[PDB]
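File shown: target_22.pdb. Contents: PDB, C-alpha atoms.
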```pdb
ATOM      1  CA  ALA A   1      -1.476 -30.665   3.933  1.00  0.00           C
ATOM      2  CA  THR A   2      -5.235 -30.752   3.394  1.00  0.00           C
ATOM      3  CA  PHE A   3      -7.313 -27.740   4.392  1.00  0.00           C
ATOM      4  CA  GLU A   4     -11.065 -28.022   4.395  1.00  0.00           C
ATOM      5  CA  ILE A   5     -12.657 -24.528   4.069  1.00  0.00           C
ATOM      6  CA  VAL A   6     -16.279 -24.307   5.164  1.00  0.00           C
ATOM      7  CA  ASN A   7     -18.695 -21.455   5.021  1.00  0.00           C
ATOM      8  CA  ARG A   8     -21.069 -21.591   7.980  1.00  0.00           C
ATOM      9  CA  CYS A   9     -22.166 -17.961   7.317  1.00  0.00           C
ATOM     10  CA  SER A  10     -25.651 -17.201   6.153  1.00  0.00           C
ATOM     11  CA  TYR A  11     -24.214 -15.253   3.210  1.00  0.00           C
ATOM     12  CA  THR A  12     -21.858 -16.191   0.367  1.00  0.00           C
ATOM     13  CA  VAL A  13     -18.075 -15.830   0.773  1.00  0.00           C
ATOM     14  CA  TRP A  14     -15.353 -16.073  -1.806  1.00  0.00           C
ATOM     15  CA  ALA A  15     -12.558 -17.968  -0.069  1.00  0.00           C
ATOM     16  CA  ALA A  16      -8.852 -17.373  -0.813  1.00  0.00           C
ATOM     17  CA  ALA A  17      -5.587 -19.106  -0.223  1.00  0.00           C
ATOM     18  CA  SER A  18      -2.276 -17.534  -1.155  1.00  0.00           C
ATOM     19  CA  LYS A  19       1.304 -17.363  -0.058  1.00  0.00           C
ATOM     20  CA  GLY A  20       1.720 -13.884  -1.377  1.00  0.00           C
ATOM     21  CA  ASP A  21       3.513 -14.513  -4.639  1.00  0.00           C
ATOM     22  CA  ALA A  22       1.452 -17.526  -5.683  1.00  0.00           C
ATOM     23  CA  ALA A  23      -1.980 -19.080  -5.237  1.00  0.00           C
ATOM     24  CA  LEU A  24      -2.437 -22.022  -2.912  1.00  0.00           C
ATOM     25  CA  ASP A  25      -4.052 -24.815  -4.738  1.00  0.00           C
ATOM     26  CA  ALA A  26      -6.478 -22.985  -7.068  1.00  0.00           C
ATOM     27  CA  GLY A  27      -6.348 -19.746  -5.093  1.00  0.00           C
ATOM     28  CA  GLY A  28      -9.994 -18.879  -4.654  1.00  0.00           C
ATOM     29  CA  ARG A  29     -13.587 -20.014  -5.070  1.00  0.00           C
ATOM     30  CA  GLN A  30     -17.145 -19.060  -4.314  1.00  0.00           C
ATOM     31  CA  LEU A  31     -18.413 -20.751  -1.130  1.00  0.00           C
ATOM     32  CA  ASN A  32     -22.145 -20.606  -0.599  1.00  0.00           C
ATOM     33  CA  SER A  33     -23.800 -20.831   2.814  1.00  0.00           C
ATOM     34  CA  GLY A  34     -22.886 -24.372   4.034  1.00  0.00           C
ATOM     35  CA  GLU A  35     -20.442 -25.238   1.227  1.00  0.00           C
ATOM     36  CA  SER A  36     -17.078 -26.783   1.830  1.00  0.00           C
ATOM     37  CA  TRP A  37     -13.939 -26.522  -0.352  1.00  0.00           C
ATOM     38  CA  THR A  38     -11.019 -28.904   0.181  1.00  0.00           C
ATOM     39  CA  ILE A  39      -7.596 -27.784  -0.927  1.00  0.00           C
ATOM     40  CA  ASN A  40      -4.128 -29.225  -0.905  1.00  0.00           C
ATOM     41  CA  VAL A  41      -1.319 -26.934   0.208  1.00  0.00           C
ATOM     42  CA  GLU A  42       2.143 -28.100  -0.732  1.00  0.00           C
ATOM     43  CA  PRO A  43       4.252 -29.093   2.338  1.00  0.00           C
ATOM     44  CA  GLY A  44       6.869 -26.595   3.555  1.00  0.00           C
ATOM     45  CA  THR A  45       4.580 -23.636   2.580  1.00  0.00           C
ATOM     46  CA  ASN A  46       5.790 -20.691   4.661  1.00  0.00           C
ATOM     47  CA  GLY A  47       3.568 -17.675   5.240  1.00  0.00           C
ATOM     48  CA  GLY A  48       0.399 -19.060   3.787  1.00  0.00           C
ATOM     49  CA  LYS A  49      -2.933 -17.249   4.423  1.00  0.00           C
ATOM     50  CA  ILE A  50      -6.579 -18.132   3.963  1.00  0.00           C
ATOM     51  CA  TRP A  51      -9.354 -15.534   4.170  1.00  0.00           C
ATOM     52  CA  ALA A  52     -12.904 -14.698   3.123  1.00  0.00           C
ATOM     53  CA  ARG A  53     -13.924 -12.073   0.631  1.00  0.00           C
ATOM     54  CA  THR A  54     -17.339 -10.436   0.786  1.00  0.00           C
ATOM     55  CA  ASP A  55     -19.738  -8.750  -1.652  1.00  0.00           C
ATOM     56  CA  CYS A  56     -18.025  -9.719  -4.845  1.00  0.00           C
ATOM     57  CA  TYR A  57     -18.587  -9.551  -8.576  1.00  0.00           C
ATOM     58  CA  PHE A  58     -16.662 -11.436 -11.230  1.00  0.00           C
ATOM     59  CA  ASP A  59     -17.085 -11.650 -14.958  1.00  0.00           C
ATOM     60  CA  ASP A  60     -16.783 -14.804 -17.051  1.00  0.00           C
ATOM     61  CA  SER A  61     -12.928 -14.527 -17.177  1.00  0.00           C
ATOM     62  CA  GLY A  62     -12.657 -14.541 -13.314  1.00  0.00           C
ATOM     63  CA  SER A  63     -11.953 -10.785 -13.082  1.00  0.00           C
ATOM     64  CA  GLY A  64     -13.844  -8.333 -10.915  1.00  0.00           C
ATOM     65  CA  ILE A  65     -13.963  -6.673  -7.496  1.00  0.00           C
ATOM     66  CA  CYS A  66     -14.583  -7.652  -3.779  1.00  0.00           C
ATOM     67  CA  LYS A  67     -15.688  -5.190  -0.978  1.00  0.00           C
ATOM     68  CA  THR A  68     -13.451  -6.865   1.376  1.00  0.00           C
ATOM     69  CA  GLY A  69     -10.276  -8.906   0.764  1.00  0.00           C
ATOM     70  CA  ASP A  70      -9.867  -8.108  -2.955  1.00  0.00           C
ATOM     71  CA  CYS A  71      -6.656  -9.633  -4.283  1.00  0.00           C
ATOM     72  CA  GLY A  72      -6.196  -7.483  -7.416  1.00  0.00           C
ATOM     73  CA  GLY A  73      -9.602  -8.163  -8.908  1.00  0.00           C
ATOM     74  CA  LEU A  74      -9.080 -11.927  -9.427  1.00  0.00           C
ATOM     75  CA  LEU A  75     -11.410 -14.804  -8.493  1.00  0.00           C
ATOM     76  CA  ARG A  76      -8.359 -17.073  -8.242  1.00  0.00           C
ATOM     77  CA  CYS A  77      -6.028 -15.131  -5.819  1.00  0.00           C
ATOM     78  CA  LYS A  78      -2.294 -15.002  -6.396  1.00  0.00           C
ATOM     79  CA  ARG A  79      -1.565 -12.136  -4.010  1.00  0.00           C
ATOM     80  CA  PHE A  80      -2.773 -11.251  -0.461  1.00  0.00           C
ATOM     81  CA  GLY A  81      -6.106  -9.426  -0.036  1.00  0.00           C
ATOM     82  CA  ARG A  82      -6.984  -5.858   0.647  1.00  0.00           C
ATOM     83  CA  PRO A  83      -7.878  -5.200   4.302  1.00  0.00           C
ATOM     84  CA  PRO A  84     -10.050  -5.549   6.200  1.00  0.00           C
ATOM     85  CA  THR A  85      -9.506  -9.339   6.354  1.00  0.00           C
ATOM     86  CA  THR A  86      -9.581 -11.744   9.189  1.00  0.00           C
ATOM     87  CA  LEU A  87      -6.574 -13.998   8.465  1.00  0.00           C
ATOM     88  CA  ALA A  88      -5.891 -17.680   8.983  1.00  0.00           C
ATOM     89  CA  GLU A  89      -2.053 -17.876   8.786  1.00  0.00           C
ATOM     90  CA  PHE A  90       0.199 -20.862   8.665  1.00  0.00           C
ATOM     91  CA  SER A  91       3.733 -22.098   8.041  1.00  0.00           C
ATOM     92  CA  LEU A  92       4.002 -25.812   7.443  1.00  0.00           C
ATOM     93  CA  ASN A  93       6.935 -28.251   7.971  1.00  0.00           C
ATOM     94  CA  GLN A  94       9.198 -25.806   9.695  1.00  0.00           C
ATOM     95  CA  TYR A  95      11.860 -27.916  11.338  1.00  0.00           C
ATOM     96  CA  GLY A  96       9.388 -30.673  11.791  1.00  0.00           C
ATOM     97  CA  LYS A  97       6.455 -28.679  13.181  1.00  0.00           C
ATOM     98  CA  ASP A  98       3.529 -26.664  11.664  1.00  0.00           C
ATOM     99  CA  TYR A  99       2.584 -23.264  13.017  1.00  0.00           C
ATOM    100  CA  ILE A 100      -1.013 -21.831  12.974  1.00  0.00           C
ATOM    101  CA  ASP A 101      -2.458 -18.569  14.235  1.00  0.00           C
ATOM    102  CA  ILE A 102      -5.359 -16.234  13.620  1.00  0.00           C
ATOM    103  CA  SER A 103      -4.644 -12.548  13.054  1.00  0.00           C
ATOM    104  CA  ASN A 104      -6.531  -9.248  13.155  1.00  0.00           C
ATOM    105  CA  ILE A 105      -3.423  -7.205  12.192  1.00  0.00           C
ATOM    106  CA  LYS A 106      -5.043  -6.547   8.820  1.00  0.00           C
ATOM    107  CA  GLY A 107      -8.465  -5.958  10.326  1.00  0.00           C
ATOM    108  CA  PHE A 108     -11.535  -8.171  10.575  1.00  0.00           C
ATOM    109  CA  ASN A 109     -14.318  -9.019   8.136  1.00  0.00           C
ATOM    110  CA  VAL A 110     -15.715 -12.484   8.970  1.00  0.00           C
ATOM    111  CA  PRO A 111     -15.618 -14.570  12.114  1.00  0.00           C
ATOM    112  CA  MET A 112     -13.380 -17.678  11.832  1.00  0.00           C
ATOM    113  CA  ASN A 113     -12.239 -20.883  13.548  1.00  0.00           C
ATOM    114  CA  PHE A 114      -8.915 -22.465  12.532  1.00  0.00           C
ATOM    115  CA  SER A 115      -8.806 -26.046  13.874  1.00  0.00           C
ATOM    116  CA  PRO A 116      -6.473 -28.953  12.968  1.00  0.00           C
ATOM    117  CA  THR A 117      -8.408 -32.129  11.992  1.00  0.00           C
ATOM    118  CA  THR A 118      -5.596 -34.515  13.162  1.00  0.00           C
ATOM    119  CA  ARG A 119      -4.226 -35.077  16.665  1.00  0.00           C
ATOM    120  CA  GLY A 120      -1.666 -33.297  18.770  1.00  0.00           C
ATOM    121  CA  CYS A 121      -2.797 -29.646  19.222  1.00  0.00           C
ATOM    122  CA  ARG A 122      -5.660 -27.197  19.665  1.00  0.00           C
ATOM    123  CA  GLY A 123      -7.431 -24.749  17.353  1.00  0.00           C
ATOM    124  CA  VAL A 124      -8.107 -21.056  17.700  1.00  0.00           C
ATOM    125  CA  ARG A 125     -11.148 -18.956  17.030  1.00  0.00           C
ATOM    126  CA  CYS A 126     -12.071 -15.269  16.563  1.00  0.00           C
ATOM    127  CA  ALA A 127     -15.876 -15.185  16.473  1.00  0.00           C
ATOM    128  CA  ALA A 128     -16.962 -12.081  18.359  1.00  0.00           C
ATOM    129  CA  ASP A 129     -19.043  -9.387  16.726  1.00  0.00           C
ATOM    130  CA  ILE A 130     -16.143  -7.175  15.805  1.00  0.00           C
ATOM    131  CA  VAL A 131     -17.826  -5.369  12.946  1.00  0.00           C
ATOM    132  CA  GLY A 132     -20.857  -4.458  15.080  1.00  0.00           C
ATOM    133  CA  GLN A 133     -18.657  -3.160  17.904  1.00  0.00           C
ATOM    134  CA  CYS A 134     -15.994  -1.558  15.676  1.00  0.00           C
ATOM    135  CA  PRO A 135     -14.737   1.917  16.764  1.00  0.00           C
ATOM    136  CA  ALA A 136     -16.129   4.579  14.375  1.00  0.00           C
ATOM    137  CA  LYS A 137     -12.666   5.576  13.101  1.00  0.00           C
ATOM    138  CA  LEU A 138     -11.954   1.977  12.081  1.00  0.00           C
ATOM    139  CA  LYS A 139     -15.301   0.935  10.611  1.00  0.00           C
ATOM    140  CA  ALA A 140     -14.941   0.370   6.882  1.00  0.00           C
ATOM    141  CA  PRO A 141     -17.649   1.763   4.562  1.00  0.00           C
ATOM    142  CA  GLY A 142     -17.213  -1.259   2.302  1.00  0.00           C
ATOM    143  CA  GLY A 143     -17.981  -3.568   5.301  1.00  0.00           C
ATOM    144  CA  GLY A 144     -15.610  -4.774   8.082  1.00  0.00           C
ATOM    145  CA  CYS A 145     -13.321  -3.201  10.681  1.00  0.00           C
ATOM    146  CA  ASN A 146      -9.922  -1.907   9.523  1.00  0.00           C
ATOM    147  CA  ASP A 147      -6.635  -2.221  11.467  1.00  0.00           C
ATOM    148  CA  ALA A 148      -5.180   1.095  12.689  1.00  0.00           C
ATOM    149  CA  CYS A 149      -2.163   0.729  10.463  1.00  0.00           C
ATOM    150  CA  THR A 150      -4.411   0.739   7.419  1.00  0.00           C
ATOM    151  CA  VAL A 151      -6.253   3.816   8.453  1.00  0.00           C
ATOM    152  CA  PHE A 152      -3.606   6.000  10.187  1.00  0.00           C
ATOM    153  CA  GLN A 153      -0.337   4.907   8.560  1.00  0.00           C
ATOM    154  CA  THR A 154       1.886   5.620  11.593  1.00  0.00           C
ATOM    155  CA  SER A 155       5.129   3.982  12.746  1.00  0.00           C
ATOM    156  CA  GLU A 156       3.435   3.049  15.957  1.00  0.00           C
ATOM    157  CA  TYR A 157       0.471   1.129  14.423  1.00  0.00           C
ATOM    158  CA  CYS A 158       2.521  -0.341  11.588  1.00  0.00           C
ATOM    159  CA  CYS A 159       5.502  -1.326  13.783  1.00  0.00           C
ATOM    160  CA  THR A 160       7.827   0.159  11.229  1.00  0.00           C
ATOM    161  CA  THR A 161      10.781   0.423  13.583  1.00  0.00           C
ATOM    162  CA  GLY A 162      10.293  -3.014  15.213  1.00  0.00           C
ATOM    163  CA  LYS A 163       9.575  -1.221  18.515  1.00  0.00           C
ATOM    164  CA  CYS A 164       5.915  -0.629  19.194  1.00  0.00           C
ATOM    165  CA  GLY A 165       3.470  -1.391  21.888  1.00  0.00           C
ATOM    166  CA  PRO A 166      -0.265  -1.934  22.337  1.00  0.00           C
ATOM    167  CA  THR A 167      -2.823   0.797  21.611  1.00  0.00           C
ATOM    168  CA  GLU A 168      -6.473   1.811  22.147  1.00  0.00           C
ATOM    169  CA  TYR A 169      -7.059   0.157  18.736  1.00  0.00           C
ATOM    170  CA  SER A 170      -5.072  -3.112  19.278  1.00  0.00           C
ATOM    171  CA  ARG A 171      -6.695  -3.522  22.634  1.00  0.00           C
ATOM    172  CA  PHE A 172     -10.128  -3.325  21.041  1.00  0.00           C
ATOM    173  CA  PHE A 173      -9.331  -6.322  18.835  1.00  0.00           C
ATOM    174  CA  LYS A 174      -7.707  -8.144  21.756  1.00  0.00           C
ATOM    175  CA  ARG A 175     -10.533  -7.619  24.134  1.00  0.00           C
ATOM    176  CA  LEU A 176     -13.008  -9.132  21.678  1.00  0.00           C
ATOM    177  CA  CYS A 177     -10.646 -11.904  20.355  1.00  0.00           C
ATOM    178  CA  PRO A 178      -7.923 -12.738  22.863  1.00  0.00           C
ATOM    179  CA  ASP A 179      -6.685 -15.735  20.783  1.00  0.00           C
ATOM    180  CA  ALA A 180      -6.032 -13.672  17.666  1.00  0.00           C
ATOM    181  CA  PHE A 181      -2.959 -11.396  17.010  1.00  0.00           C
ATOM    182  CA  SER A 182      -3.933  -7.742  17.591  1.00  0.00           C
ATOM    183  CA  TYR A 183      -0.695  -6.052  16.398  1.00  0.00           C
ATOM    184  CA  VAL A 184       2.560  -7.064  14.660  1.00  0.00           C
ATOM    185  CA  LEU A 185       4.423  -7.719  17.971  1.00  0.00           C
ATOM    186  CA  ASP A 186       1.693  -9.056  20.308  1.00  0.00           C
ATOM    187  CA  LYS A 187       2.326 -11.834  22.860  1.00  0.00           C
ATOM    188  CA  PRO A 188       2.069 -14.705  20.380  1.00  0.00           C
ATOM    189  CA  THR A 189      -1.021 -16.812  20.047  1.00  0.00           C
ATOM    190  CA  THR A 190       0.656 -19.197  17.645  1.00  0.00           C
ATOM    191  CA  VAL A 191      -0.147 -22.854  18.078  1.00  0.00           C
ATOM    192  CA  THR A 192       2.534 -25.491  17.312  1.00  0.00           C
ATOM    193  CA  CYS A 193       1.115 -28.567  15.654  1.00  0.00           C
ATOM    194  CA  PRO A 194       2.880 -31.773  14.591  1.00  0.00           C
ATOM    195  CA  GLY A 195       4.460 -31.398  11.183  1.00  0.00           C
ATOM    196  CA  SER A 196       2.139 -32.343   8.320  1.00  0.00           C
ATOM    197  CA  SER A 197      -1.009 -31.962  10.504  1.00  0.00           C
ATOM    198  CA  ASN A 198      -4.238 -31.211   8.606  1.00  0.00           C
ATOM    199  CA  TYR A 199      -6.822 -28.467   9.322  1.00  0.00           C
ATOM    200  CA  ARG A 200     -10.322 -26.941   8.759  1.00  0.00           C
ATOM    201  CA  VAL A 201     -11.030 -23.210   8.466  1.00  0.00           C
ATOM    202  CA  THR A 202     -14.642 -22.464   9.252  1.00  0.00           C
ATOM    203  CA  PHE A 203     -16.207 -19.047   8.516  1.00  0.00           C
ATOM    204  CA  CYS A 204     -18.951 -17.996  11.029  1.00  0.00           C
ATOM    205  CA  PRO A 205     -18.313 -20.916  13.241  1.00  0.00           C
ATOM    206  CA  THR A 206     -20.946 -20.135  15.922  1.00  0.00           C
ATOM    207  CA  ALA A 207     -23.607 -18.549  13.796  1.00  0.00           C
TER     208      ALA A 207
END
```

Could I get this structure in the form of structure tokens?
Amino acid sequence: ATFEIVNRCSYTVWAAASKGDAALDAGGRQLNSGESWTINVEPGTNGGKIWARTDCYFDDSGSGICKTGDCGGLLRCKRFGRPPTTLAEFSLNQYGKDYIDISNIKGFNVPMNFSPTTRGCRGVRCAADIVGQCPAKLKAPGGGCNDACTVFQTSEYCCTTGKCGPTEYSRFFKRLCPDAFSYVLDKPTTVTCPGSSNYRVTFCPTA
């Protein structure tokens, strides 16, 4: 599948695409305000994620640090990023269909729109001012709004036992972004798209 990854933000982002134990396509790249990066993700990829990283520094070997979404200090991500990260998530070619959602389960850094560029389904968007409105106990000093699991490390926020319900903190995310996952076991906002559909992830889609 082809993913076009566009930075509509007024600031630089370092985009990332991983499936957790490997990079997707090249894994990461600096995206300046208005730049677009087109990647190819191998069909049948299960549990892929794309995200933005903010306030970053790399050296000439591609090694450094990101204030949000750091994936072990690498420009070219192989592993998932450090919360807070708004997440575009996808499983492709799963019994003939692709699956796409947006998630706030690992917090929120940048507003995003995940939209397929080919026919047969709808996109989703989480573009409210979450970091401005963020509860004080969640607000990250590095920038962004953490998920409760990250901050409080409880069975209830982390859904450790597979039984958990909504919370003051999940409901905050849900109220501002109804079409994004707010906790591990939310009513699903997954969209089913025809297998081998293509897509565009846009950071700061309204601004």

- For residue 54 of chain A: contacts at 8 Å, all atoms listed in the file, fewer than 2 positions along chain excluded, given as number ranges by chain: A: 12-14, 52, 56, 66-69

Please save C-alpha atoms of the selected residues as a short mmCIF file (atom, residue, chain, number, x, y, z; two decimals), in the frame of the given file.
```
data_model
loop_
_atom_site.label_atom_id
_atom_site.label_comp_id
_atom_site.auth_asym_id
_atom_site.auth_seq_id
_atom_site.Cartn_x
_atom_site.Cartn_y
_atom_site.Cartn_z
CA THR A 12 -21.86 -16.19 0.37
CA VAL A 13 -18.08 -15.83 0.77
CA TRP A 14 -15.35 -16.07 -1.81
CA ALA A 52 -12.90 -14.70 3.12
CA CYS A 56 -18.02 -9.72 -4.84
CA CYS A 66 -14.58 -7.65 -3.78
CA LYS A 67 -15.69 -5.19 -0.98
CA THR A 68 -13.45 -6.86 1.38
CA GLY A 69 -10.28 -8.91 0.76
#
```

- Message: One number please: atom CA of residue 88 of chain A to atom CA of residue 45 of chain A, in Å, one decimal.
- Response: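 These two atoms are separated by 13.6 Å.
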
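Nearest to residue 31 of chain A of all the residues A:11, A:173, A:157, A:58 is A:11, based on all atoms listed in the file.
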
- Message: Which residues, named as in the file, does the PyMOL selection byres ((chain A and resi 138) around 12) pick out? Answer as an NGL selection string.
- Response: :A and (83-84 or 106-109 or 130-137 or 139-152 or 168-170 or 172-173)

- Which one is closest to residue 113 of chain A: A:39, A:179, A:126, A:6? Count only C-alpha atoms.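 Smallest distance to residue 113 of chain A is found for A:126.
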
- Find the distance between atom CA of residue 198 of chain A and atom CA of residue 40 of chain A and write it in Å to one decimal. 9.7 Å

- What does the PyMOL selection byres ((chain A and resi 20) around 10) select in this file, as a ChimeraX atom specification? /A:17-19,21-24,46-49,71,77-81

- Message: Using the chain letters and numbers from this file, what does the PyMOL selection byres ((chain A and resi 5) around 6) select? Give the answer as a ChimeraX atom specification.
- Response: /A:4,6,36-37,200-202

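Between atom CA of residue 95 of chain A and atom CA of residue 194 of chain A the separation is 10.3 Å.
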
- Would you list the contacts of residue 165 of chain A as a PyMOL selection string, taking every protein, DNA or RNA residue within 12 Å and counting only C-alpha atoms, but skipping same-chain residues closer than 6 positions in sequence? chain A and resi 155-159+171+182-187

- Query: Of the candidates A:65, A:100, A:127, A:74, which one gets nearest to residue 86 of chain A if we count all atoms listed in the file?
  - Reply: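 Of all the options, A:127 lies closest to residue 86 of chain A.
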
- Query: Which protein, DNA or RNA residues have an atom at most 6 Å from (-6.0, -29.0, 9.7), counting all atoms listed in the file? List them as a ChimeraX atom specification.
  - Reply: /A:3,115-117,197-200

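Distance check against residue 29 of chain A using all atoms listed in the file: of A:123, A:178, A:166, A:62, the minimum falls on A:62.
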
- Task: Measuring atom to atom with all atoms listed in the file, identify which of A:2, A:167, A:85, A:206 is nearest to residue 42 of chain A.
- Result: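 Using all atoms listed in the file, the shortest distance to residue 42 of chain A belongs to A:2.
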
- Message: Which residues are close to residue 63 of chain A, i.e. within 10 Å by all atoms listed in the file, leaving aside same-chain residues fewer than 4 positions away? Reply as a ChimeraX atom specification.
- Response: /A:57-59,72-76

- Item | Selected residue, from A:43, A:163, A:64, A:7, that lies nearest to residue 94 of chain A when counting all atoms listed in the file |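 Of A:43, A:163, A:64, A:7, the one nearest residue 94 of chain A, counting all atoms listed in the file, is A:43.
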
- Query: Within 8 Å of (-19.5, -18.7, 14.5), in the coordinates the file gives, what residues turn up when you count all atoms listed in the file, written out as a ChimeraX atom specification?
  - Reply: /A:8-9,111-113,127,203-207

Generate the coordinates of N, CA and C atoms for segment 69-88 of chain A; report them as a compact mmCIF listing (two decimals), in the coordinates of the input.
```txt
# COMPACT_ATOMS: atom_id res chain seq x y z
N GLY A 69 -11.26 -7.90 1.14
CA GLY A 69 -10.28 -8.91 0.76
C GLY A 69 -9.87 -9.09 -0.69
N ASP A 70 -10.15 -8.07 -1.51
CA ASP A 70 -9.87 -8.11 -2.96
C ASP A 70 -8.39 -8.39 -3.17
N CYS A 71 -8.07 -9.32 -4.05
CA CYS A 71 -6.66 -9.63 -4.28
C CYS A 71 -6.42 -9.25 -5.75
N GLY A 72 -6.43 -7.96 -6.04
CA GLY A 72 -6.20 -7.48 -7.42
C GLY A 72 -7.28 -7.85 -8.44
N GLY A 73 -8.52 -7.95 -8.00
CA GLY A 73 -9.60 -8.16 -8.91
C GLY A 73 -9.71 -9.58 -9.44
N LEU A 74 -9.06 -10.58 -8.84
CA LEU A 74 -9.08 -11.93 -9.43
C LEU A 74 -9.92 -12.88 -8.58
N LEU A 75 -10.69 -13.75 -9.21
CA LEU A 75 -11.41 -14.80 -8.49
C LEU A 75 -10.41 -15.82 -7.88
N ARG A 76 -9.36 -16.19 -8.64
CA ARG A 76 -8.36 -17.07 -8.24
C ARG A 76 -7.14 -16.23 -7.73
N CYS A 77 -7.11 -15.97 -6.42
CA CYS A 77 -6.03 -15.13 -5.82
C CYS A 77 -4.64 -15.62 -5.97
N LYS A 78 -3.74 -14.74 -6.41
CA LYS A 78 -2.29 -15.00 -6.40
C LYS A 78 -1.56 -14.22 -5.33
N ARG A 79 -2.16 -13.12 -4.92
CA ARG A 79 -1.56 -12.14 -4.01
C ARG A 79 -2.46 -12.06 -2.78
N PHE A 80 -1.97 -11.44 -1.70
CA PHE A 80 -2.77 -11.25 -0.46
C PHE A 80 -3.92 -10.27 -0.71
N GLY A 81 -4.92 -10.28 0.16
CA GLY A 81 -6.11 -9.43 -0.04
C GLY A 81 -6.05 -8.08 0.65
N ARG A 82 -6.86 -7.21 0.14
CA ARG A 82 -6.98 -5.86 0.65
C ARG A 82 -7.72 -5.86 1.98
N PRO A 83 -7.13 -5.25 3.03
CA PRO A 83 -7.88 -5.20 4.30
C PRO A 83 -9.20 -4.46 4.14
N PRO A 84 -10.16 -4.69 5.03
CA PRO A 84 -10.05 -5.55 6.20
C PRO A 84 -10.28 -7.07 5.90
N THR A 85 -9.45 -7.90 6.51
CA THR A 85 -9.51 -9.34 6.35
C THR A 85 -9.12 -9.99 7.61
N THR A 86 -9.99 -10.82 8.17
CA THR A 86 -9.58 -11.74 9.19
C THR A 86 -8.68 -12.80 8.51
N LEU A 87 -7.53 -13.14 9.13
CA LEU A 87 -6.57 -14.00 8.46
C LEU A 87 -6.30 -15.29 9.20
N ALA A 88 -6.45 -16.41 8.49
CA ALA A 88 -5.89 -17.68 8.98
C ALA A 88 -4.47 -17.72 8.41
```
